[PDB]
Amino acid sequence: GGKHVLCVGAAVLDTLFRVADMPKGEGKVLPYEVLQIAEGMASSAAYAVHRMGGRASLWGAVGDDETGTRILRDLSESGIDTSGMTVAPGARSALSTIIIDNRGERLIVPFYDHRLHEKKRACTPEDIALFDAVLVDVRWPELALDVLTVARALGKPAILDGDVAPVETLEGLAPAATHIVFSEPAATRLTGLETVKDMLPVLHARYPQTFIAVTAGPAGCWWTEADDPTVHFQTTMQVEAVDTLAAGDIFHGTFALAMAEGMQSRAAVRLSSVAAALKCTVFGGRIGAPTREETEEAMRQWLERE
């Protein structure tokens, strides 16, 4: 069972090369560990939904190529329903190299073909009525807009992962959502302010009927509820940040599932925070996404810390 969450957006073949020292120019660096993993904001959020006890579907695009075949196979073997994914004929599938040093710092070299997302993908109310919530990233904005709109019309949580994108893109999607979780950099760009707590008053005023959260990694999460300007704050669990790649995605997927489950806001922010924290302690992007059980137990112990 479990609630069913539709995730919409990125599906990318990452190759993660774990090195001691970050390269600083031409030459050669020998990796000591290499992982190829299909991930991306929506895909990792979908994986988190699955890991956290929900059912996950993903709408996203690959090309009709070998990288695409591999993305589809990995994602469905990882517990995600890929049956509604788009194969964009003549597009090349997204892939990235990420070089992760022994500080957990990253160098990313991403390949992205815009042709992936140039064709209209169908989004009917009958399609969406099958889901309990929807979560969309900034990667496929014209589909994301439609999914948010239809979901909200149907009375469903319509959640925007408001990560870095052109301001235009963020401003286009934000008005369609019932819930937005911005990353600190996205919120910074949108508000032009520096400190996260100062961004919530402005973001609430702009979208006063919307749930708005801004995540700040180890610094916690600030949010405002629909129709109320009170700013709430929730600290996160402190862990050793081995690999923060996909942390926000694990957060978003957990949060989207918590909404589909009807969870109170602070409970949902806590669960998402702990899940993200757990994932940060394991090298490999989304691969550290914890089970629901692991998150619940961690959270229990954390809530009793001294």
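In case it trips you up, residue 1 is the first one in the sequence shown, and so on.
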Item checked: Stretch exceeding the other in mean C-alpha B-factor - 24-32, 40-48 -> 24-32
Check: Between 99-107 and 167-175, which has the higher average C-alpha B-factor in the PDB entry?
Finding: 99-107
Next item on the list: Determine which member of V181, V134, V202, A88 has the highest CA B-factor, using the values in the deposited entry.
Entry: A88
Next item on the list: Report the option among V12, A289, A298, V19 whose CA atom has the maximum B-factor in the deposited record.
Entry: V19
Notebook entry, point to check: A219's Cα B-factor: lowest, middle or highest third of the chain?
Noted result: highest
Notebook entry, point to check: How does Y112 rank on Cα B-factor within its chain, lowest, middle or highest third?
Noted result: highest
Note to self: Please say which third, lowest, middle or highest, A144 falls into when its CA temperature factor is compared across its chain.
What the structure shows: middle
Next item on the list: Ordered by C-alpha B-factor within the chain, which third holds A94? Give me lowest, middle or highest, please.
Entry: lowest
Next item on the list: Compare the C-alpha B factor of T69 with those of the other modelled residues in its chain, then answer lowest, middle or highest third.
Entry: middle
